[PDB]
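# Survey of secondary and tertiary structure
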Amino acid sequence: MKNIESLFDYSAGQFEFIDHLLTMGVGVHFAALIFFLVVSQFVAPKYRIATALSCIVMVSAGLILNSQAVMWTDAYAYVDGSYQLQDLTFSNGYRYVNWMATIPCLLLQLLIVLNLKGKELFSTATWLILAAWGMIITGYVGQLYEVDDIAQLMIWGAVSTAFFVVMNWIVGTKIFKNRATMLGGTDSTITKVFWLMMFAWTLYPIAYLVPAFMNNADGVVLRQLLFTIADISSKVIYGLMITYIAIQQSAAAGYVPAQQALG
Amino acid sequence: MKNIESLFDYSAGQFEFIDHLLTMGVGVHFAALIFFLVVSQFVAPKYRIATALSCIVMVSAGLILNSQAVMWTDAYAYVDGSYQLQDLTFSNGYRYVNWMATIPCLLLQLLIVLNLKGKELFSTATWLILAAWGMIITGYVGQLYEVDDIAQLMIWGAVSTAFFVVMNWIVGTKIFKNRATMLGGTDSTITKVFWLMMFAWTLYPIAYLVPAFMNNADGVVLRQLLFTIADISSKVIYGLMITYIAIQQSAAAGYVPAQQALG
Amino acid sequence: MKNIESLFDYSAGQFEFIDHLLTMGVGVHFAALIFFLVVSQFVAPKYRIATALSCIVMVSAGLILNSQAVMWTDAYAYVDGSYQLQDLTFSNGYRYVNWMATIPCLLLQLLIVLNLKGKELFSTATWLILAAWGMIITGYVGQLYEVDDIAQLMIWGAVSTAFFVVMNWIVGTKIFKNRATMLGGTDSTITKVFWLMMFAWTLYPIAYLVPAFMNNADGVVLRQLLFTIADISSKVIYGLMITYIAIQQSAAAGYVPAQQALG
Amino acid sequence: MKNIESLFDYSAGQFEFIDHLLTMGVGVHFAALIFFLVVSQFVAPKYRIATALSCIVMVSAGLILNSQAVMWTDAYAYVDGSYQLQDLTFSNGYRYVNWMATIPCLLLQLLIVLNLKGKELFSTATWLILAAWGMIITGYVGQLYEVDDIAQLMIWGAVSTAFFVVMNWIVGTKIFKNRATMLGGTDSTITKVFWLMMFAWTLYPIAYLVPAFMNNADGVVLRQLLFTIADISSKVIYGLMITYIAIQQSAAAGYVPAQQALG
Amino acid sequence: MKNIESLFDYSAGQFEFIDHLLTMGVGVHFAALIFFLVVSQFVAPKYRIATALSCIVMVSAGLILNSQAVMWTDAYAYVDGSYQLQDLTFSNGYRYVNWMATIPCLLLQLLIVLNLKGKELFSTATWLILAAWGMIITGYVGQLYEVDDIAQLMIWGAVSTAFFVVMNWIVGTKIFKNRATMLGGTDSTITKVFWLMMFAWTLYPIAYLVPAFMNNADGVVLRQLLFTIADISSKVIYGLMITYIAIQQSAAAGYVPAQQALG
Ligand SMILES: CCCCCCCCCCCCCCCCCC(=O)OC[C@H](COP(=O)([O-])OCC[N+](C)(C)C)OC(=O)CCCCCCCCCCCCCCCCC
Ligand SMILES: CCCCCCCCCCCCCCCCCC(=O)OC[C@H](COP(=O)([O-])OCC[N+](C)(C)C)OC(=O)CCCCCCCCCCCCCCCCC
Ligand SMILES: CCCCCCCCCCCCCCCCCC(=O)OC[C@H](COP(=O)([O-])OCC[N+](C)(C)C)OC(=O)CCCCCCCCCCCCCCCCC
Ligand SMILES: CCCCCCCCCCCCCCCCCC(=O)OC[C@H](COP(=O)([O-])OCC[N+](C)(C)C)OC(=O)CCCCCCCCCCCCCCCCC
Ligand SMILES: CCCCCCCCCCCC(=O)OC[C@H](COP(=O)(O)OCC[N+](C)(C)C)OC(=O)CCCCCCCCCCC
Ligand SMILES: CCCCCCCCCCCC(=O)OC[C@H](COP(=O)(O)OCC[N+](C)(C)C)OC(=O)CCCCCCCCCCC
Ligand SMILES: CCCCCCCCCCCC(=O)OC[C@H](COP(=O)(O)OCC[N+](C)(C)C)OC(=O)CCCCCCCCCCC
Ligand SMILES: CCCCCCCCCCCC(=O)OC[C@H](COP(=O)(O)OCC[N+](C)(C)C)OC(=O)CCCCCCCCCCC
Ligand SMILES: CCCCCCCCCCCC(=O)OC[C@H](COP(=O)(O)OCC[N+](C)(C)C)OC(=O)CCCCCCCCCCC
Ligand SMILES: *C/C=C(C)/C=C/C=C(C)/C=C/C1=C(C)CCCC1(C)C
Ligand SMILES: *C/C=C(C)/C=C/C=C(C)/C=C/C1=C(C)CCCC1(C)C
Ligand SMILES: *C/C=C(C)/C=C/C=C(C)/C=C/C1=C(C)CCCC1(C)C
Ligand SMILES: *C/C=C(C)/C=C/C=C(C)/C=C/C1=C(C)CCCC1(C)C
Ligand SMILES: *C/C=C(C)/C=C/C=C(C)/C=C/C1=C(C)CCCC1(C)C
Ligand SMILES: CCCCCCCCCCCCCCCCCC
Ligand SMILES: CCCCCCCCCCCCCCCC
Ligand SMILES: CCCCCCCCCCCCCCCC
Ligand SMILES: CCCCCCCCCCCCCCCC
Ligand SMILES: CCCCCCCCCCCCCCCC
Ligand SMILES: CCCCCCCCCCCCCCCC
Ligand SMILES: [Cl-]
Ligand SMILES: [Cl-]
Ligand SMILES: [Cl-]
Ligand SMILES: [Cl-]
Ligand SMILES: [Cl-]
Ligand SMILES: [Cl-]
Ligand SMILES: [Cl-]
Ligand SMILES: [Cl-]
Ligand SMILES: [Cl-]
Ligand SMILES: [Cl-]
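Another point: the nonpolar core. In terms of nonpolar packing, the biggest core is built from 401 residues, with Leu110 of chain A, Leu110 of chain B, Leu110 of chain C, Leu110 of chain D together with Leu110 of chain E touching the most fellow members. In this structure, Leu110 of chain B is in contact with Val171, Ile175, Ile190, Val193, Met197, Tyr238 and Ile242 of chain B, ignoring residues within four places of it in sequence.

And the structure:
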């Protein structure tokens, strides 16, 4: 065994709570997809890539959640008044591997609305993507020791967090350096985004440490709840904020659909 | 066990009836989605978000119903002339957790067609959303006692209903204060909407009390029927009324597609 | 047991035929959906709702058929050279409950192309919908006696048929009263539609009586065949006729896309 | 048993090959669907129905293949180094019944680009559809004797082939009579289409005779391969040719999107 | 047995890793689909077919991955602390047969943006397609010997690689001959594409040889990882590069949406 989810038994209540969270996640992401498609038409072409990137992230994350959700119900059966493992195992590594695609998308959509262009765009994009792959690959290896070797967990943890800090650094640099060039009064909004990011992105490394400070079924419940809030904050709500920033700037630049959409 | 659905056995007739209601719910929500997409083009951009919000709700609700309906058939087997539970359990908590996303959407689409703007929009939105999360979270906890502790059910019930009343109060304030500014003769229509809301939204707390006044398989049938009607009324039919209000006001404001759509 | 489907065993040929019919139904409805979407652009806005209503009916009916089809293969297994029931039951009540949504849609799309407007539209709509819910609810109750009490079947049958007759009466009134105002030479076409309706809608009450005049597996084969033809006629082919009528009248009213679509 | 697929056992290689063919078929048809949607916009409205008809056929055929593919894996299990039948049966009749809808669509899209209009269109359409229903229904009955009575197979074979010949005759008449009126140099292209048709459509009656000249698991492999090629040829590649002919004639008629699409 | 996947048992970690890779692949392909649809509108009509070809490839490859991923979890069960085969077998042949459709699409989208036209287009298309079918069919036969006869593997390998070399030769000819006529400074970009192709396309023949140099569960892990990277590189990232080249050349040709999309 590799994940502590597979070590425990669950009460009907615990088991059903986790099923409730995973099922809700799936539908929020597919629903947000339809919304991004319908309002994409009010964004000026120069910023429409930012909205297209949200559609990518919604579909990708939605499909992973849908897998986790099926796996949860398939791995366990109710037998003698508790849910117990049965012939399949449950892991979180699905998420980790999926971040290899979605974290780039989240970061690129911020650079686009910050109005970076050309060399500066492509350069920052490259550094952010490699830092992120760095963070994710070392995280994935780490979480392979959550049952066996908590020492190893924390070691790879620390390396992973190195890359995190670099990435957060670059992002904040660019934000605070470019906030002033922002149109339509979105300098205020972009700052709220950066906060949202800091909160939501932090929940993930907390979830990564639950094995270390809560190795039991209540820990398991907590980790699944943290992942759920972090996904809805870091992907859906952040996507709504990026899109709203893009429509505001579109209108300021005199794109009429945007201007109409706002009155 | 946490829900009374899991306590009973069911006649083929009862069991099949409930599967018929759940199956129909799924398809009404996905069907209404196609309609909202096709007629969105007759709504002026200033109101198109209201229609997009219906698309979110139809997809989210549709996918939950689809889960409930699969779980129902999976949790039970026909064995000695009745349907009996088998190795999985059935709960309604799927709905509860999903309301955390859909009730905001329903409330925001009413504000948009009431023509609130700016500070007043954002302020009312915030208070309505927190009231709603309040109502939902305390309801979810409550319904965890429906088998064990009916006292606790009613206590958390009462708190939940507090938040309800605040929310209904704010909504009615805004409606009756802004009915006069409504274009295209939609002051009449908006009043019908507010009624629809009052009826449909009330079915939910009735369904929540069935354990208290009908703890048996006929109760279970009733609760599933109440949920079905309340979902079709509170989401699909209310969505059709909001969209019709939006087309009426679009045309009054001189949006041509809207004017054509009406003749 | 409520339905005679669940009383019999089936030869591989009978069993496979029924699976062939159900599977085909599913794909005809989803296919027709894409067609209605593509040609909706040639309908003038005044009539586009008629085409949108066909999309609703295609998705809703398609998803019911898809359920029936999975249930069929899940309820039975091949055991000693025949298909026999196993641990789940099969019913038709899925269809009945779904008519509560689709029959309104079918009736509304006829009124729209008949060019009814305002009070007359909303009034006729209301009477037709209540008649239809009347017919469907009493039919659903009826078919709960198909195994036990054929007397009761015929009694509720007769009530259901009352509502039918009212509904057919109103429809024909409106058709024959408004045929003359029809544009683009669609007075001829609308009459064909009314015939199609009469044939296709009648198959349903015949299928409802098979228990009474053929209580065996060949009856069961017949009922499934009748439902298949009646669904393709009453929904898909009638949809194609309504849309063709709408494009003809669009062109007559001088909508260019319609005129182009016809040359 | 009705089909010889259900009579044999299969090597892993045979069994896997057939699963490979069925799975690929499904995706080619759903992929071609997206292509027909995206390029439909370069076809003039007078010919856009021809492209819409391809979308119908892609969805319908894709969903049947998807069923066959699931049935294949469900009907057999690997047991003592071979795949053997288990509690479900496998048939081809799914395809037969589906031709009742798709063969009309294929034939109507050819008449549209041949530029037939009005009476001549509706008349030819009617004769071709009834011939085709004739061919398909007699084929279906035929193939019910593939295990029992090869005499009966060939008798119904012969009748089926009667209707074939009529249908091929009418089609060739129309093609060779109308080739000269065709725009944009598509007289060459339309002749290629007619050849493609002759080849692809012939594979079907060959597949129908395999029981007679190869009653074994290698026959079964051959029949599935013949069906796969014939489906890709008769639906996807023919669809791409009809669409290309329609864009060429659109441009010749001075539809600008078509002219742009070609340069 | 035909594939070495079916010969081994797997640790939870090995087994889970492979399920993580397969699951991610599915969602990247369906996600990239939505992106290609949204940005297709910024490509001039003359090049829009190149983008439509990416949509085909994303759906086709997505659906294959989705099958492989279900088969993997269905073929194995966790039993005595390892994953072991159970009653179904696992193969890679699904991919091979799917290349018969996707490799043509990949090659055709490169010719379109290289600006080949008419005779030269249709001629090169034909040679490249037959070369590719040659490479694929001989590969498929080869991989039927991976368990039994590694000699035969390498023989058919060698023939397959013949066709590879021809195909790479033609592609490079055309690229380096037409790089100079490329608009918008895409001569640089097209060269990067050709490199991408060389790397990504080569992984496949390496994966084909793993049986020869790593016949064990770690080899199996390697092959699945190689296929995952090769699919993301050869289809998704290459598609993003083709579409970017198409937007650049569209803008240079004075298509306004393209010019807007770039500023
Ligand atoms: C399903 C949800 C439940 C799961 C739990 C989720 C955790 C909660 C996350 C914290 C919420 C943080 C809210 C940040 C909003 C910032 C305010 C603001 O300035 O907005 C930005 C800007 C405005 O900021 P500003 O700086 O311009 O201020 C402007 C104020 N006026 C105009 C009055 C002068 O506007 C936006 O629209 C941003 C997007 C709106 C935020 C979306 C709603 C958030 C919560 C709603 C419910 C969530 C579920 C619905 C999802 C369904 C979609 C498919
Ligand atoms: C996608 C699914 C299709 C619908 C599924 C249900 C079938 C239809 C149900 C009833 C009709 C639909 C509601 C009307 C739509 C909105 C009308 C509109 O555009 O404007 C409002 C119109 C306009 O009103 P007004 O104020 O402008 O005045 C009337 C209009 N003039 C002046 C032109 C005559 O108002 C109404 O018609 C009020 C609608 C109230 C409907 C109440 C129904 C609630 C209870 C139903 C429970 C059933 C649920 C379970 C079973 C259902 C089957 C699935
Ligand atoms: C949707 C996904 C694609 C799936 C198929 C992928 C494989 C590609 C092979 C065929 C595709 C190309 C055919 C359509 C060409 C577009 C039409 C066009 O523009 O004009 C036609 C052209 C036009 O001819 P013309 O008469 O206008 O003159 C030539 C045109 N100029 C002058 C401009 C050069 O005609 C042809 O090229 C005929 C092509 C048809 C022959 C098809 C052979 C295949 C037969 C079946 C065997 C293969 C099936 C099994 C393999 C499995 C595949 C997955
Ligand atoms: C990534 C998903 C899962 C993890 C698996 C890892 C992927 C496989 C590893 C190999 C990656 C190879 C990268 C080569 C691409 C770089 C070449 C390039 O772009 O050249 C510059 C070229 C242009 O080069 P140029 O020649 O014009 O010069 C530079 C241009 N100016 C001057 C304007 C700055 O850019 C493009 O072509 C633009 C779009 C292509 C770039 C997109 C690739 C993203 C790579 C990371 C993937 C992240 C998410 C992927 C999934 C998305 C989901 C839909
Ligand atoms: C913890 C609880 C906090 C959460 C509550 C936050 C407030 C709610 C949001 C405000 C309402 C709003 O966004 O409406 C939509 C606003 C319109 O408003 P406006 O044009 O600014 O109005 C001022 C009007 N003038 C200028 C005439 C004065 O944007 C738009 O049309 C753009 C559409 C895309 C933006 C995405 C919106 C996301 C909504 C989906 C959430 C489920
Ligand atoms: C027991 C329950 C009874 C309730 C029955 C109500 C009947 C429905 C009313 C007609 C609606 C219609 O189809 O079209 C409604 C309108 C046509 O309005 P009009 O009055 O002709 O406008 C002309 C006004 N004059 C007469 C003064 C000149 O078109 C539209 O573009 C409106 C957009 C559609 C909004 C969503 C409603 C469609 C729901 C359909 C799914 C069931
Ligand atoms: C098989 C799936 C059917 C899909 C086609 C029908 C949908 C109609 C949608 C309208 C689109 C449109 O614009 O239609 C228009 C087109 C073109 O006809 P037209 O313009 O009148 O001809 C020219 C008229 N002049 C001469 C006055 C200019 O009509 C069609 O294509 C209809 C195809 C024929 C129908 C076949 C009926 C035979 C059935 C026999 C049963 C045994
Ligand atoms: C895998 C194939 C699927 C996709 C192809 C389907 C095309 C149909 C839609 C037309 C859209 C359009 O406009 O196509 C545009 C382009 C061609 O026209 P052009 O270069 O713009 O101008 C023409 C140049 N002149 C104006 C100067 C004369 O056509 C193609 O690409 C042609 C198809 C590719 C070659 C066929 C493959 C070889 C077959 C042999 C295999 C045994
Ligand atoms: C990663 C998933 C999706 C990435 C997007 C793919 C592009 C395809 C569509 C282009 C549409 C368009 O028009 O693109 C336009 C913009 C660029 O032009 P601009 O911003 O207007 O600047 C205007 C100034 N110029 C004219 C000088 C450029 O391109 C992008 O932003 C592409 C994203 C670049 C980041 C790539 C990172 C490389 C990763 C390497 C790590 C190993
Ligand atoms: C939608 C997904 C998002 C935004 C995911 C973000 C994930 C992280 C920021 C992960 C952080 C981690 C560390 C910094 C150390 C521990 C391991 C990780 C990878 C979970
Ligand atoms: C589509 C979903 C809708 C509109 C749901 C509405 C939900 C409620 C009005 C729930 C209300 C409750 C109470 C007021 C008390 C008991 C607990 C609740 C949560 C059922
Ligand atoms: C697509 C569905 C349609 C058009 C359904 C039509 C159904 C009927 C007209 C049903 C009629 C019935 C009677 C008149 C008597 C017996 C009971 C019914 C409900 C089957
Ligand atoms: C995509 C489906 C197509 C083009 C279907 C074609 C089917 C046939 C031409 C079937 C023909 C038959 C005969 C000529 C004789 C034997 C029976 C049939 C039905 C196989
Ligand atoms: C999306 C899929 C792509 C680009 C597939 C490419 C496949 C190949 C280049 C396969 C090549 C092979 C050889 C050159 C030798 C061994 C056998 C093959 C078929 C794997
Ligand atoms: C033990 C017998 C081995 C398997 C039997 C079938 C033989 C497979 C070889 C056929 C050639 C490959 C075809 C690949 C392209 C697919 C056609 C659409
Ligand atoms: C008996 C054990 C049950 C443990 C679960 C109870 C959790 C109650 C919190 C309700 C949170 C609902 C909102 C979900 C957040 C997205
Ligand atoms: C496969 C990913 C492994 C990690 C690759 C290391 C690069 C990440 C750090 C990049 C930081 C450079 C920023 C310099 C410009 C501010
Ligand atoms: C014997 C079990 C109870 C059967 C219930 C019979 C009443 C029939 C209800 C009417 C048909 C469906 C109403 C659907 C409302 C959306
Ligand atoms: C062993 C007896 C089975 C009974 C099946 C024979 C039916 C004859 C074929 C009917 C043709 C199918 C087309 C129907 C699609 C609407
Ligand atoms: C395409 C993205 C690849 C994701 C990279 C994840 C890191 C993989 C390292 C560990 C592999 C696990 C082997 C089995 C463990 C016993
Ligand atoms: Cl722009
Ligand atoms: Cl993710
Ligand atoms: Cl507006
Ligand atoms: Cl909900
Ligand atoms: Cl109009
Ligand atoms: Cl129905
Ligand atoms: Cl036209
Ligand atoms: Cl077919
Ligand atoms: Cl162009
Ligand atoms: Cl592939």
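Let's pick the thread back up.
In this section: the site of ligand 20. Close to ligand 20 lie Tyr140 of chain A together with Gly13, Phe17 and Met24 of chain E, which account for all nearby residues. Close to ligand 20, residues of chains A and E are found. Relative to its free-state accessible area of 530 Å², ligand 20 is covered by the protein chains to the extent of 70%. In terms of residue count, helix α1 (residues 12–39) of chain E provides more of the shell around ligand 20 than any other element does, three residues in total. Of the residues that constitute the shell around ligand 20, the class distribution is three nonpolar, one polar and no charged.

This brings us to the relation of the copies chain E and chain D. Of the transformation placing chain E onto chain D, the axial shift is 0.0 Å and the rotation is 72 degrees, giving an RMSD of 0.1 Å. The operation mapping one copy onto its partner corresponds to a five-fold rotation axis. Relative to the rotation axis, the C-alpha of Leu37 of chain E is the closest in chain E, positioned 9.0 Å from it.

Turning our eyes to something else, we now look at the side chain of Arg223 of chain A. Within the secondary structure, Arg223 of chain A is located in helix α7 (residues 217–252). Within the structure, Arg223 of chain A has its side chain in polar contact with the side chain of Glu146 of chain A (distance 2.9 Å).

Looking now at the packing of helix α4 (residues 118–143) of chain C against helix α5 (residues 150–178) of chain C. Residue and element names in this part refer to chain C. Taken N-terminus to C-terminus, the directions of α4 and α5 make an angle of 160 degrees; their axes are 8 Å apart at the nearest point. Between α4 and α5, the angle is such that the two are roughly antiparallel. Once α4 is placed against α5, the crossing between them reads as left-handed. Within the contact of α4 with α5, the residues separate by chemical class into 14 nonpolar, seven polar and three charged.

Quick look at the site of ligand 3 now. Close to ligand 3 lie 15 residues; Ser188, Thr189, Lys192, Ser233 and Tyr244 of chain D are nearest. Near ligand 3, residues from chains D and E are present, making the site a shared one. Measuring from an oxygen atom of ligand 3, one finds a side-chain N or O atom of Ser188 of chain D at 2.4 Å. Within the complex, the protein chains bury 72% of what would otherwise be the 1200 Å² of accessible surface of ligand 3. Contributions of two or more residues to the shell around ligand 3 are made by α6 (187–213) and α7 (217–252) of chain D together with α3 (93–113) and α4 (118–143) of chain E. Examining the composition of the shell around ligand 3, we find that six residues originate from one element, α7 of chain D, more than from any other. Grouping the constituent residues of the shell around ligand 3 by class yields 11 nonpolar, three polar and one charged.

We now examine the interface of chain D and chain C. In this complex, chain D contributes 28 residues to the contact, which on the side of chain C involves 22 residues. Both faces considered, chain D and chain C share a buried interface measuring about 2300 Å² in area, 72% of it formed by carbon and sulfur atoms. Considering only the surface of chain D that becomes buried against chain C, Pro45, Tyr94 and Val97 of chain D emerge as the three largest contributors, covering 19% of it. Joining chain D to chain C, the criterion identifies zero salt bridges. One can count seven residue pairs in polar contact joining chain D with chain C. Top contributing element to the side of chain D that touches chain C by residue count: helix α2 (residues 45–75) of chain D, with 14 residues. When its residues are assigned to classes, the side of chain D that touches chain C shows 18 nonpolar, six polar and four charged.

Attention now goes to the UniProt feature "transmembrane region" (unreviewed entry) in chain A. Residue and element names in this part refer to chain A. Sequence positions flagged by UniProt for "transmembrane region" (unreviewed entry) are, in local numbering, residues 20–39, 51–73, 93–114, 121–141, 153–172, 193–213 and 225–247. The straight-line gap between the two end C-alpha atoms of residues 51–73 is 34 Å; of that span, 100% is helix and 0% is strand. Secondary structure content for residues 193–213 is 100% helix and 0% strand, and the end C-alpha separation is 30 Å.

We now examine unusual backbone geometry. Residues and elements named next belong to chain E. Unusually for a residue other than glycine, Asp87 sits at a positive phi of about 75 degrees. Here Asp87 is to be found in the loop between β2 (83–85) and α3. For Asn115, which is not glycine, the phi dihedral falls at a positive 75 degrees. Within the secondary structure, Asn115 sits in the loop between α3 and α4. By relative accessible area, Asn115 is classed as buried at 19%.

Moving on, we get to a nonpolar patch on the surface. All names here are of chain D. Together, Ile150, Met154, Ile206, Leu209 and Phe213 make up a nonpolar patch on the protein surface, roughly 400 Å² of accessible area in all. Taken together, the elements giving at least two residues each to the nonpolar patch come down to α5 (150–178) and α6. Top contributing element to the nonpolar patch by residue count: α6, with three residues. Take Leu209: it is sitting in helix α6. Taking the relative accessible area as the measure of exposure, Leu209 reaches 31% and is therefore partly exposed.

With that out of the way, let us pick up the interface of chain E and chain D. Every contact between the two is made by 29 residues of chain E and, on the other side, 25 residues of chain D. Between chain E and chain D, a total of about 2300 Å² is buried, with carbon and sulfur atoms accounting for 72% of that surface. Sorting the residues of chain E by area buried against chain D places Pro45, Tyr94 and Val97 of chain E first, and these three jointly supply 19% of that buried surface. Where chain E packs against chain D, one counts zero salt bridges. Where chain E packs against chain D, one counts seven residue pairs in polar contact. Listing elements by their share of the side of chain E that touches chain D, those giving two or more residues are α2 (48–75), α3 and α4 of chain E. Counting residues per element, the side of chain E that touches chain D draws most heavily on α2 of chain E, which supplies 12 residues.

Before going further, it helps to spend a moment on the environment of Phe194 of chain D. Residue and element names in this part refer to chain D. Within the element layout of this structure, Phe194 appears in helix α6. Judged by its relative accessible area of 10%, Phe194 falls in the buried class. Separated by 44 residues in sequence, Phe194 and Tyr238 place their C-alpha atoms 9.4 Å apart. Residue contacts for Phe194: discarding those within four places in its chain leaves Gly172, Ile175 and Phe176.

All names here are of chain D. One way to put it is that α2 packs onto helix α3 (residues 93–113) with a least axis distance of 9 Å and a crossing angle of 165 degrees. When the axes of α2 and α3 are compared, the pair comes out roughly antiparallel. You can see that α2 and α3 cross each other, and the crossing is left-handed. Within the contact of α2 with α3, the residues separate by chemical class into 15 nonpolar, six polar and two charged.

Turning our attention to the pattern of salt bridges. This structure, assessed with the given rule, holds 22 salt bridges over all chains. The salt bridge partner of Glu120 of chain E is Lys174 of chain E, with a shortest N-O separation of 3.4 Å. Placement of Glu120 of chain E in helix α4 and of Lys174 of chain E in helix α5 (residues 150–178) is noted, with a sequence separation of 54 residues between them. Exposure remark for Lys174 of chain E: the relative accessible area of 12% places this residue in the buried category. The network of salt bridges with shared partners includes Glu5, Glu146 and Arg223 of chain A.

What counts, and at which threshold
- Residues numbered from 1 in each chain as written, not as in the entry; some residues may be left out.
- Chains lettered and ligands numbered in written order.
- Heavy atoms only, no water.
- Core = buried A, V, L, I, M, F, W, Y, C linked by side-chain atoms within 4.5 Å.
- Buried < 20%, exposed > 50% of the residue type's maximum accessible area, 1.4 Å probe, protein only.
- Contact = heavy atoms within 4.5 Å.
- Near = heavy atom within 4 Å.
- Areas by Shrake-Rupley, 256 points an atom, 1.4 Å probe, with all protein chains shown as cover.
- Helix = DSSP H or I, 4+ residues; strand = E, 2+ residues; numbered from the N terminus.
- Nonpolar A, V, L, I, M, F, W, Y, C, P; charged D, E, K, R; others polar.
- Least-squares fit on C-alpha atoms.
- Polar contact = N/O pair within 3.5 Å; in protein donor to acceptor, adjacent residues only side chain to side chain.
- Axes fitted to C-alpha atoms, helices over the stretch in contact; angles between N-to-C directions.
- Parallel < 35°, antiparallel > 145°, perpendicular 65-115°, else oblique.
- Left-handed = near helix turned anticlockwise from the far one by under 90°.
- Buried area = accessible area lost by both parts, 1.4 Å probe.
- Salt bridge = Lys/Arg side-chain N within 4 Å of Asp/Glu carboxyl O.
- UniProt positions renumbered as here; feature names shortened; annotations may be inferred.
- Patch = residues over 30% accessible without salt bridge, like charges linked within 9 Å, V, L, I, M, F, W, Y side chains within 5 Å.

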